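Written out below as structure tokens is the structure these notes cover.
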Amino acid sequence: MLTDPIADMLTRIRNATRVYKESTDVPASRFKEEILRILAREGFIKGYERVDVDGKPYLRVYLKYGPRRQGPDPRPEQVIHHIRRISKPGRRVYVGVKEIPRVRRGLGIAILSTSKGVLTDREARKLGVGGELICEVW
Amino acid sequence: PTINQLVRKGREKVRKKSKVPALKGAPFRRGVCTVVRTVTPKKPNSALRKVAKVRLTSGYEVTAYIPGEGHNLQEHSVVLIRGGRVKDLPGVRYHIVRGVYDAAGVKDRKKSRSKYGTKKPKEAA
RNA sequence: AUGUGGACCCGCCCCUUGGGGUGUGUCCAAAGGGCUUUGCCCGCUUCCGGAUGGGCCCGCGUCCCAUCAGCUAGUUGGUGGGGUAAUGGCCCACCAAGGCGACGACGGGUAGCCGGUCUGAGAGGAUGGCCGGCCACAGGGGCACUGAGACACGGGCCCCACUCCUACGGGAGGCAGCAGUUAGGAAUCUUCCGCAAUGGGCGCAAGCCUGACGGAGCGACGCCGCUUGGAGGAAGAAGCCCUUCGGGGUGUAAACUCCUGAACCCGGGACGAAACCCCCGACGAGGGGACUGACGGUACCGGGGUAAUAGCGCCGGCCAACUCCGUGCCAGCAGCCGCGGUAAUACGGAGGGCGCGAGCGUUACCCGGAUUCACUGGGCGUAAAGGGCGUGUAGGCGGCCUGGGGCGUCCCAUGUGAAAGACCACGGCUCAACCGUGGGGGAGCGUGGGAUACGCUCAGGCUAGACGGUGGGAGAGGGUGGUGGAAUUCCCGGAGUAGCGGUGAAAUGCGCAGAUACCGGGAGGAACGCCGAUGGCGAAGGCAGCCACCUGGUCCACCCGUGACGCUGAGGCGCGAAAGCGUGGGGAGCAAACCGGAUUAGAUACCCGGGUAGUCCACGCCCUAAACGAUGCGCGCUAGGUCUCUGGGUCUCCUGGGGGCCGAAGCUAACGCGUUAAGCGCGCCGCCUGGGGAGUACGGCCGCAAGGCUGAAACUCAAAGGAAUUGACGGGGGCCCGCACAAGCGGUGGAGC
RNA sequence: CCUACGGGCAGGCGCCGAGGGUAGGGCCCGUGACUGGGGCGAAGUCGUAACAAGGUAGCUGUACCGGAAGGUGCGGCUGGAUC
RNA sequence: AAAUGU
RNA sequence: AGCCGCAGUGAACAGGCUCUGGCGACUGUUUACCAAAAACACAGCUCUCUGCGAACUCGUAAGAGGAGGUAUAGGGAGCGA
RNA sequence: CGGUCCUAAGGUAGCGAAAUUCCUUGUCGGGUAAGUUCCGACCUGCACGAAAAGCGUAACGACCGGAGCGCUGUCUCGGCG
Ligand SMILES: [Mg+2]
Ligand SMILES: [Mg+2]
Ligand SMILES: [Mg+2]
Ligand SMILES: [Mg+2]
Ligand SMILES: [Mg+2]
Ligand SMILES: [Mg+2]
Ligand SMILES: [Mg+2]
Ligand SMILES: [Mg+2]
Ligand SMILES: [Mg+2]
Ligand SMILES: [Mg+2]
Ligand SMILES: [Mg+2]
Ligand SMILES: [Mg+2]
Ligand SMILES: [Mg+2]
Ligand SMILES: [Mg+2]
Ligand SMILES: [Mg+2]
Ligand SMILES: [Mg+2]
Ligand SMILES: [Mg+2]
Ligand SMILES: [Mg+2]
Ligand SMILES: [Mg+2]
Ligand SMILES: [Mg+2]
Ligand SMILES: [Mg+2]
Ligand SMILES: [Mg+2]
Ligand SMILES: [Mg+2]
Ligand SMILES: [Mg+2]
Ligand SMILES: [Mg+2]
Ligand SMILES: [Mg+2]
Ligand SMILES: [Mg+2]
Ligand SMILES: [Mg+2]
Ligand SMILES: [Mg+2]
Ligand SMILES: [Mg+2]
Ligand SMILES: [Mg+2]
Ligand SMILES: [Mg+2]
Ligand SMILES: [Mg+2]
Ligand SMILES: [Mg+2]
Ligand SMILES: [Mg+2]
Ligand SMILES: [Mg+2]
Ligand SMILES: [Mg+2]
Ligand SMILES: [Mg+2]
Ligand SMILES: [Mg+2]
Ligand SMILES: [Mg+2]
Ligand SMILES: [Mg+2]
Ligand SMILES: [Mg+2]
Ligand SMILES: [Mg+2]
Ligand SMILES: [Mg+2]
Ligand SMILES: [Mg+2]
Ligand SMILES: [Mg+2]
Ligand SMILES: [Mg+2]
Ligand SMILES: [Mg+2]
Ligand SMILES: [Mg+2]
Ligand SMILES: [Mg+2]
Ligand SMILES: [Mg+2]
Ligand SMILES: [Mg+2]
Ligand SMILES: [Mg+2]
Ligand SMILES: [Mg+2]
Ligand SMILES: [Mg+2]
Ligand SMILES: [Mg+2]
Ligand SMILES: [Mg+2]
Ligand SMILES: [Mg+2]
Ligand SMILES: [Mg+2]
Ligand SMILES: [Mg+2]
Ligand SMILES: [Mg+2]
Ligand SMILES: [Mg+2]
Ligand SMILES: [Mg+2]
Ligand SMILES: [Mg+2]
Ligand SMILES: [Mg+2]
Ligand SMILES: [Mg+2]
Ligand SMILES: [Mg+2]
Ligand SMILES: [Mg+2]
Ligand SMILES: [Mg+2]
Ligand SMILES: [Mg+2]
Ligand SMILES: [Mg+2]
Ligand SMILES: [Mg+2]
Ligand SMILES: [Mg+2]
Ligand SMILES: [Mg+2]
Ligand SMILES: [Mg+2]
Ligand SMILES: [Mg+2]
Ligand SMILES: [Mg+2]
Ligand SMILES: [Mg+2]
Ligand SMILES: [Mg+2]
Ligand SMILES: [Mg+2]
Ligand SMILES: [Mg+2]
Ligand SMILES: [Mg+2]
Ligand SMILES: [Mg+2]
Ligand SMILES: [Mg+2]
Ligand SMILES: [Mg+2]
Ligand SMILES: [Mg+2]
Ligand SMILES: [Mg+2]
Ligand SMILES: [Mg+2]
Ligand SMILES: [Mg+2]
Ligand SMILES: [Mg+2]
Ligand SMILES: [Mg+2]
Ligand SMILES: [Mg+2]
Ligand SMILES: [Mg+2]
Ligand SMILES: [Mg+2]
Ligand SMILES: [Mg+2]
Ligand SMILES: [Mg+2]
Ligand SMILES: [Mg+2]
Ligand SMILES: [Mg+2]
Ligand SMILES: [Mg+2]
Ligand SMILES: [Mg+2]
Ligand SMILES: [Mg+2]
Ligand SMILES: [Mg+2]
Ligand SMILES: [Mg+2]
Ligand SMILES: [Mg+2]
Ligand SMILES: [Mg+2]
Ligand SMILES: [Mg+2]
Ligand SMILES: [Mg+2]
Ligand SMILES: [Mg+2]
Ligand SMILES: [Mg+2]
Ligand SMILES: [Mg+2]
Ligand SMILES: [Mg+2]
Ligand SMILES: [Mg+2]
Ligand SMILES: [Mg+2]
Ligand SMILES: [Mg+2]
Ligand SMILES: [Mg+2]
Ligand SMILES: [Mg+2]
Ligand SMILES: [Mg+2]
Ligand SMILES: [Mg+2]
Ligand SMILES: [Mg+2]
Ligand SMILES: [Mg+2]
Ligand SMILES: [Mg+2]
Ligand SMILES: [Mg+2]
Ligand SMILES: [Mg+2]
Ligand SMILES: [Mg+2]
Ligand SMILES: [Mg+2]
Ligand SMILES: [Mg+2]
Ligand SMILES: [Mg+2]
Ligand SMILES: [Mg+2]
Ligand SMILES: [Mg+2]
Ligand SMILES: [Mg+2]
Ligand SMILES: [Mg+2]
Ligand SMILES: [Mg+2]
Ligand SMILES: [Mg+2]
Ligand SMILES: [Mg+2]
Ligand SMILES: [Mg+2]
Ligand SMILES: [Mg+2]
Ligand SMILES: [Mg+2]
Ligand SMILES: [Mg+2]
Ligand SMILES: [Mg+2]
Ligand SMILES: [Mg+2]
Ligand SMILES: [Mg+2]
Ligand SMILES: [Mg+2]
Ligand SMILES: [Mg+2]
Ligand SMILES: [Mg+2]
Ligand SMILES: [Mg+2]
Ligand SMILES: [Mg+2]
Ligand SMILES: [Mg+2]
Ligand SMILES: [Mg+2]
Ligand SMILES: [Mg+2]
Ligand SMILES: [Mg+2]
Ligand SMILES: [Mg+2]
Ligand SMILES: [Mg+2]
Ligand SMILES: [Mg+2]
Ligand SMILES: [Mg+2]
Ligand SMILES: [Mg+2]
Ligand SMILES: [Mg+2]
Ligand SMILES: [Mg+2]
Ligand SMILES: [Mg+2]
Ligand SMILES: [Mg+2]
Ligand SMILES: [Mg+2]
Ligand SMILES: [Mg+2]
Ligand SMILES: [Mg+2]
Ligand SMILES: [Mg+2]
Ligand SMILES: [Mg+2]
Ligand SMILES: [Mg+2]
Ligand SMILES: [Mg+2]
Ligand SMILES: [Mg+2]
Ligand SMILES: [Mg+2]
Ligand SMILES: [Mg+2]
Ligand SMILES: [Mg+2]
Ligand SMILES: [Mg+2]
Ligand SMILES: [Mg+2]
Ligand SMILES: [Mg+2]
Ligand SMILES: [Mg+2]
Ligand SMILES: [Mg+2]
Ligand SMILES: [Mg+2]
Ligand SMILES: [Mg+2]
Ligand SMILES: [Mg+2]
Ligand SMILES: [Mg+2]
Ligand SMILES: [Mg+2]
Ligand SMILES: [Mg+2]
Ligand SMILES: [Mg+2]
Ligand SMILES: [Mg+2]
Ligand SMILES: [Mg+2]
Ligand SMILES: [Mg+2]
Ligand SMILES: [Mg+2]
Ligand SMILES: [Mg+2]
Ligand SMILES: [Mg+2]
Ligand SMILES: [Mg+2]
Ligand SMILES: [Mg+2]
């Protein structure tokens, strides 16, 4: 059923990360795609590969992390410390080019659908647009 | 809740009940003394506090507290009501201002004379 | 009468909702006064423009109660009329039967709306007082007249209420204008000056009117500025406080010595005022010339010149500031927590200290803190909170691909967003408060132009969601009709005695009228032992001997068909244990109420003997609950181990769907939850907002009734609470000791001292 | 009455019409002998219901009863100790 | 069988 | 659209209305000839009798009513929707 | 709440100065300028109380009681035909 697939993607990752895995498979879309992409372009992920599973298409998403720390709980820092849906079907979030995030002071990145597509806070500002804020990541 | 719900109802706006309804958004309210007597406070302590029952303007008759040491209030004595409960004595929610109308200040009081309607005494000669 | 020109009917013309042009026909204009008079000026009448001010209309926005859920006869539309500057059901006829409402009509309560204002990090919340914009009213109502304009505060008619005058012969008035009076109230001023200036009316203009306005007056009501002094001045008097009697404190404070000098006295003295007018030029352009200041002899300037009011709150914690004395749960304090019971930093005074200062406190109210209505920005297992469980209407939300549309959304440009205020920068009153100048920007809304990712939408396409086919599975799922055995009870027969029952022990009770116990027979009702489980089925309530019929849900395998048909669900509807209700049956066992026997201080209880409704059947109501997993539904994601029920499999094992335990990560206040989440997430619904009052009262709906649902407030408390910790206790448990009982020997209790 | 007389004004009639009157409803506030509970308040009276198996495990919906807490019946819940 | 304690 | 009168159901035949108690549910019955009522009756509830040649009633009896009925029937009693 | 005596058992619910209350015109409230009646309350029920039924009940009544409107020769108070 899935009321929101985009959230399901993000959430699938967030679930996968907190157990530190190699890959994370997720149902395919041309809009889920150009949403991921950035996550490789901004290097939040290794990247992905369009594959198929049981005759059905998915997107194996490969997870980056960090250094095997030491002390008790040697589990490394995440790359993705935080990620959450913003605009939702329950409440769609649109913003002018002005009204636009400064996620974790530049260190974070918003992701938005606009009249030119899946821009970022930085980009959309410079192209001068703004649109449907999908999510925030750091 | 959810957001849909929020459009359907919104959030309710608390409201605030007064605790000095005998006054009606007034700082004070003049009245007339009906009874003047002493009462016993909450077990917590014990004494004989001076309170007046006051019939005011608005037909109202409420118990008002008489503060300090002694006064000059028989029955038919014009008064002025302040605002502020006693806590010890239940039911009383109002004070009487001193030195106004038929109720006078506290005799030979040297300290907090702002209350107690006591004028400044002469110190030299 | 004139007609540039205008209006009206019909025409064509363009344009287009009664706009413009024209054709004919017919109707429309008037004014004179003064002169540096023979020329100009102030006016007159028609038309088109302009500009200003409006009228009407439209979209969007604008409070609380659904305990107000249905409203409507000019109501809604039409036709034709009446009316207006003009639209319109604005009014009137006639015709039609429409118009409005969970997107909250209708009704009720409160309110003038905005620019602003206060607070707030913000988002918000609060508010509309002075100033500005608009609406509305002018004692309460109605009405029209005149007019460019009003249905008119200081114009008019009428009715009412009220007050006043009068030879009473009858008539008069409308402060919410400026002051002022009264009354009400906790509370709000002068019955001042002047048109000098600004503005407004009239006039050619002098000039006139202006309680608009410019000033003055009263009030620490607010903001701001300023004074009651400055330098010196002791190892630091006196007095007053403490004191371990040594001393410490007030305290450079005073005194005292120098210096300045608020006030007050003298002199001078404004700006605010330049035009209207006047001269020349044409009274125009122009230079030029002239009158006028209420505030006021005021501010300010000079000189002279005097050390010249300080108060209020607090000093237990929060919260800055400590000591004697008095008091002795008294007198008293208190914003909360709380102080006072003969040693009080918490009362009262005192000394001292902290904090502001012509102010300091208090009360009332708004915002903050309160993330405590949570959009930003919260919760519902046990703290307040998941609807008892389904089905489903509206509604919200919606999977994968490609187009068109570009609604939302995004960008640009443009208009609008008034001034004032606020913010930034600089100036002006000796600073500031005030005040000026200039700049700074939207938000929204219209308009133009773009972009298609997303949502939307129209179209097309698939299959992973969902639905379906075929083959099957398990099951106390439900309804109807039958049927079996054990047992209790009662009746009959036989046999057989002297007691049976019952309890902690007894009694009431039954029994020589033949009881209990035993055999045989008969009638009747209810519930189904072992199987049976920590199991299965159902959405929940709930379902259990056995047979048949009717029948719901659900799981597995095969991967065939439909093509997003989905998820949730306010209302609606249906089901809903027990008790209880109605009408009829039925009634063995049991058993509220009732009676009795015991216990006990009493025992309207507990235990015992009796016992009626009810329990069971049919039909119809009632609709509650610890209706519980105290955990709403659907989908996706995130370790495993073990036990089990039930499918399928190349039957180890694998896989599917259930029922439990321990548990990764993670969550949690902890207890605990954990692929049967309380983890990570999305959709939708229900619900919470301190405790008591209270699931009460009023209203409404439902019910035969008992009652159910919806569901407050005044008032009152300063906590009510959740989980966990250490203790203590238990007529809780396990283990163990003590002359602690028991076992045993002497006494005390009686008598006399 | 005026002529500007096929006119106009007075004047008469009519519809509407402030409000007054009569009648019957609706909502709201105040008030009322008496009555119902509720809250608070002094070391008053009666008992022991609950918290330890609370000395009958407790709570619970409904029903009947009892001076009072409560008791009992039916079904339910464990938020019930205990070799 | 076994109550209470400003 | 009008006309006349003080007046048009122009004469005659036609309810006065409301609020609020007691009693009886209600239509009905009764003391012919002083009481119409809150008395009787009434549908309805309960008790009790009665297995049929019923009980009960009338009659010495025969007989008959009950009833050409048969416990959802019939008789008696009290209460009275 | 307790004690004690007695009883077969000691009047529950609900009503109550009542078609029932002697004292009595009980006391209080309403109504009226004034109310032994009436209506509503209290309970000290001389002497209510559950099928000789208890407490209510919409509708009905030539029953009995209290109040008001309307209207009257009933009346002030009579007069005429
Ligand atoms: Mg005390
Ligand atoms: Mg005390
Ligand atoms: Mg004080
Ligand atoms: Mg002419
Ligand atoms: Mg034209
Ligand atoms: Mg003219
Ligand atoms: Mg002349
Ligand atoms: Mg105008
Ligand atoms: Mg009409
Ligand atoms: Mg028309
Ligand atoms: Mg028209
Ligand atoms: Mg007009
Ligand atoms: Mg609403
Ligand atoms: Mg209104
Ligand atoms: Mg108003
Ligand atoms: Mg505002
Ligand atoms: Mg601000
Ligand atoms: Mg600010
Ligand atoms: Mg705001
Ligand atoms: Mg506002
Ligand atoms: Mg105000
Ligand atoms: Mg004002
Ligand atoms: Mg204004
Ligand atoms: Mg007035
Ligand atoms: Mg006027
Ligand atoms: Mg007027
Ligand atoms: Mg007006
Ligand atoms: Mg006036
Ligand atoms: Mg005035
Ligand atoms: Mg006064
Ligand atoms: Mg005044
Ligand atoms: Mg003034
Ligand atoms: Mg002037
Ligand atoms: Mg002027
Ligand atoms: Mg002029
Ligand atoms: Mg002149
Ligand atoms: Mg004048
Ligand atoms: Mg004047
Ligand atoms: Mg002025
Ligand atoms: Mg001043
Ligand atoms: Mg003052
Ligand atoms: Mg010293
Ligand atoms: Mg000294
Ligand atoms: Mg000095
Ligand atoms: Mg000098
Ligand atoms: Mg001078
Ligand atoms: Mg002048
Ligand atoms: Mg000039
Ligand atoms: Mg000049
Ligand atoms: Mg001078
Ligand atoms: Mg001088
Ligand atoms: Mg001096
Ligand atoms: Mg000096
Ligand atoms: Mg202070
Ligand atoms: Mg402070
Ligand atoms: Mg301190
Ligand atoms: Mg001492
Ligand atoms: Mg002493
Ligand atoms: Mg002392
Ligand atoms: Mg002490
Ligand atoms: Mg203090
Ligand atoms: Mg003190
Ligand atoms: Mg001092
Ligand atoms: Mg001091
Ligand atoms: Mg929120
Ligand atoms: Mg919370
Ligand atoms: Mg939830
Ligand atoms: Mg609880
Ligand atoms: Mg709870
Ligand atoms: Mg539930
Ligand atoms: Mg439900
Ligand atoms: Mg329900
Ligand atoms: Mg739907
Ligand atoms: Mg949709
Ligand atoms: Mg879609
Ligand atoms: Mg703009
Ligand atoms: Mg396109
Ligand atoms: Mg599209
Ligand atoms: Mg399609
Ligand atoms: Mg099949
Ligand atoms: Mg099947
Ligand atoms: Mg089966
Ligand atoms: Mg079956
Ligand atoms: Mg069956
Ligand atoms: Mg025998
Ligand atoms: Mg025998
Ligand atoms: Mg015997
Ligand atoms: Mg015997
Ligand atoms: Mg014998
Ligand atoms: Mg036998
Ligand atoms: Mg199950
Ligand atoms: Mg169950
Ligand atoms: Mg089946
Ligand atoms: Mg297929
Ligand atoms: Mg196909
Ligand atoms: Mg559903
Ligand atoms: Mg509704
Ligand atoms: Mg039904
Ligand atoms: Mg039921
Ligand atoms: Mg039952
Ligand atoms: Mg009953
Ligand atoms: Mg029954
Ligand atoms: Mg029966
Ligand atoms: Mg028995
Ligand atoms: Mg007994
Ligand atoms: Mg006994
Ligand atoms: Mg005794
Ligand atoms: Mg028994
Ligand atoms: Mg619940
Ligand atoms: Mg659940
Ligand atoms: Mg639900
Ligand atoms: Mg199975
Ligand atoms: Mg198998
Ligand atoms: Mg499982
Ligand atoms: Mg576990
Ligand atoms: Mg672990
Ligand atoms: Mg598992
Ligand atoms: Mg509360
Ligand atoms: Mg409350
Ligand atoms: Mg409450
Ligand atoms: Mg209730
Ligand atoms: Mg209830
Ligand atoms: Mg209510
Ligand atoms: Mg009610
Ligand atoms: Mg409920
Ligand atoms: Mg606890
Ligand atoms: Mg222990
Ligand atoms: Mg123990
Ligand atoms: Mg032990
Ligand atoms: Mg011994
Ligand atoms: Mg011995
Ligand atoms: Mg001895
Ligand atoms: Mg002795
Ligand atoms: Mg002895
Ligand atoms: Mg009228
Ligand atoms: Mg009228
Ligand atoms: Mg009325
Ligand atoms: Mg009362
Ligand atoms: Mg007490
Ligand atoms: Mg108990
Ligand atoms: Mg106990
Ligand atoms: Mg006991
Ligand atoms: Mg117990
Ligand atoms: Mg317990
Ligand atoms: Mg019970
Ligand atoms: Mg009783
Ligand atoms: Mg008793
Ligand atoms: Mg209880
Ligand atoms: Mg039970
Ligand atoms: Mg259950
Ligand atoms: Mg006692
Ligand atoms: Mg007529
Ligand atoms: Mg007639
Ligand atoms: Mg006649
Ligand atoms: Mg008639
Ligand atoms: Mg009666
Ligand atoms: Mg009758
Ligand atoms: Mg009756
Ligand atoms: Mg009759
Ligand atoms: Mg007779
Ligand atoms: Mg006779
Ligand atoms: Mg007669
Ligand atoms: Mg009769
Ligand atoms: Mg015969
Ligand atoms: Mg015979
Ligand atoms: Mg015979
Ligand atoms: Mg015969
Ligand atoms: Mg026969
Ligand atoms: Mg019979
Ligand atoms: Mg009778
Ligand atoms: Mg006996
Ligand atoms: Mg009696
Ligand atoms: Mg009794
Ligand atoms: Mg009684
Ligand atoms: Mg009564
Ligand atoms: Mg009486
Ligand atoms: Mg009697
Ligand atoms: Mg009386
Ligand atoms: Mg009276
Ligand atoms: Mg009276
Ligand atoms: Mg009489
Ligand atoms: Mg009476
Ligand atoms: Mg009787
Ligand atoms: Mg009797
Ligand atoms: Mg009897
Ligand atoms: Mg009777
Ligand atoms: Mg009666
Ligand atoms: Mg009658
Ligand atoms: Mg006569
Ligand atoms: Mg005669």
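A few points about this structure:
- Condition met for A:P74 (more than 26 Å from B:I3 (Cβ to Cβ) and either surrounded by 15 or more Cβ atoms within 10 Å (Cβ to Cβ) or not assigned by CATH to the domain that holds A:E132 (or both)): yes
- When B:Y116, B:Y60, B:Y65 are checked against the criterion of being away from ligand 1 (no atom under 16 Å from the Cβ) and either within 14 Å of chain A (Cβ to nearest Cβ) or on the phi > 0 side of the Ramachandran plot (or both), a single residue qualifies: B:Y116.
- Residue ranges of strands (runs of 3 or more DSSP E) in the range A:73-121 with at least 3 members more than 14 Å from chain B (Cβ to nearest Cβ): A:109-114, A:117-120
- From B:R113, B:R109, B:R98, B:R93, residue being surrounded by 19 or more Cβ atoms within 10 Å (Cβ to Cβ) and within 16 Å of ligand 3 (Cβ to nearest atom): B:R98
- Scanning the range B:5-21 for residues that are surrounded by 10 or more Cβ atoms within 10 Å (Cβ to Cβ) and within 14 Å of chain A (Cβ to nearest Cβ) turns up just one, B:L6.
- Scanning the range B:75-125 for residues that are touching a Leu at 6+ places or on another chain (Cβ under 7 Å) and hydrophobic (A, V, I, L, M, F, W, C) yields B:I81, B:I96, B:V97, B:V100, B:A103.
- Residues (surrounded by 13 or more Cβ atoms within 10 Å (Cβ to Cβ) and either free of Cβ contacts under 8 Å to residues at least 24 places away in the same chain or under 21 Å from A:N15 (Cβ atoms) (or both)) located in the range A:88-112: A:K88, A:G108, A:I109, A:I111, A:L112
- Filtered residue count, the range A:115-128, keeping only those that are farther than 20 Å from A:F44 by Cβ and buried (at least 18 other Cβ atoms within 10 Å of the Cβ): 0
- B:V100 vs. criteria over 25 Å from B:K19 (Cβ atoms), in a loop (DSSP other than H, G, I, E, B), away from every other protein chain (no Cβ under 14 Å) and away from ligand 1 (no atom under 16 Å from the Cβ): no
- Residue match in the range A:32-44 (condition: free of Cβ contacts under 8 Å to residues at least 40 places away in the same chain and surrounded by fewer than 10 Cβ atoms within 10 Å (Cβ to Cβ)): no
- Top-ranked residue of the range B:48-81 - restricted to ones that are without any contact (Cβ under 8 Å) to a residue 24 or more places away in the chain and part of a loop (DSSP other than H, G, I, E, B), ranked as nearest to RNA strand C (Cβ to nearest atom): B:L48
- The single condition from (1) within 8 Å of RNA strand C (Cβ to nearest atom); (2) under 16 Å from the mean Cα position of the chain (by Cα) that B:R37 fails is (1).
- Within the range B:22-46, the residues that satisfy the criterion of being assigned to a loop (DSSP other than H, G, I, E, B), surrounded by 11 or more Cβ atoms within 10 Å (Cβ to Cβ) and within 16 Å of RNA strand D (Cβ to nearest atom) are B:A22, B:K24, B:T40, B:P41, B:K42.
Don't worry about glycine lacking a Cβ; one is built from the backbone with ideal geometry, like all the others, and counts go over all protein chains shown. Numbers and lists here come from the model and the stated rules, or from a named source; none is laboratory data.
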